[PDB]
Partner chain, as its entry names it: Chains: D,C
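Have a look below at one chain only, the form deposited without its partner chain, in structure tokens format.
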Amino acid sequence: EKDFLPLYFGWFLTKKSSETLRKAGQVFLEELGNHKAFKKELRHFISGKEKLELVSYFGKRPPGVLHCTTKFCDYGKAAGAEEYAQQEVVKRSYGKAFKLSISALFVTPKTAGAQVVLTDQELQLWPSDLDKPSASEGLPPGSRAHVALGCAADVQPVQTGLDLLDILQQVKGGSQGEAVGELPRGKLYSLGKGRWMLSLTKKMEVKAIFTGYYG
């Protein structure tokens, strides 16, 4: 009997760090939905005189504690899941505390989440390229690093990281555009196709422990 891996490795925010980011995320959706910049472009958001509530729009949310996923392993069935688990840094970091840096919150017609900017030490726990996806092409590793805050009814969990990457691909091209508004936390940007990003004036710091989830 070999030992199977967790469902996925990642940094799991503490109760207070979760609550803090969880509230700020909720606030952001309430601010965006009220913002006039967003109300003009509801057409790009949903196909169907009145107003949308984004907290309700993102019904599928994390029940309790939040987290930043590193490697999806699926108990080893996923490719590269085993090679990642043998890494001394993964073994050495298992159960240790880390401080993740949130640089921005984002919203799409599919997902709501937060951008994570990992340190080098934390990037060593980031899985590398055996198959390298199309979405993260040209972007440095860990660009996908995120914390899922909300998903639309028919959106899959993988979509959050892809939505973050997609938004970051536009910023690289310089299609970020000028800020269309100013929220108390930072500048609001409209990237088109229902994509919205809040660039935090102050990098929010969260406290988490690197471990594995089993379902």
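Positions refer to the first chain, counted from 1.
The same protein also has a form deposited with its partner chain bound, omitted here; what follows describes it.
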Its partner chain contact in the deposited bound form: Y189, any heavy atom under 4.5 Å: yes
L168 within 4.5 Å of its partner chain in the deposited bound form, heavy atoms: yes
Contact test in the deposited bound form: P184 vs its partner chain, heavy atoms, 4.5 Å: no
4.5 Å heavy atom contact, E88 to its partner chain in the deposited bound form: no
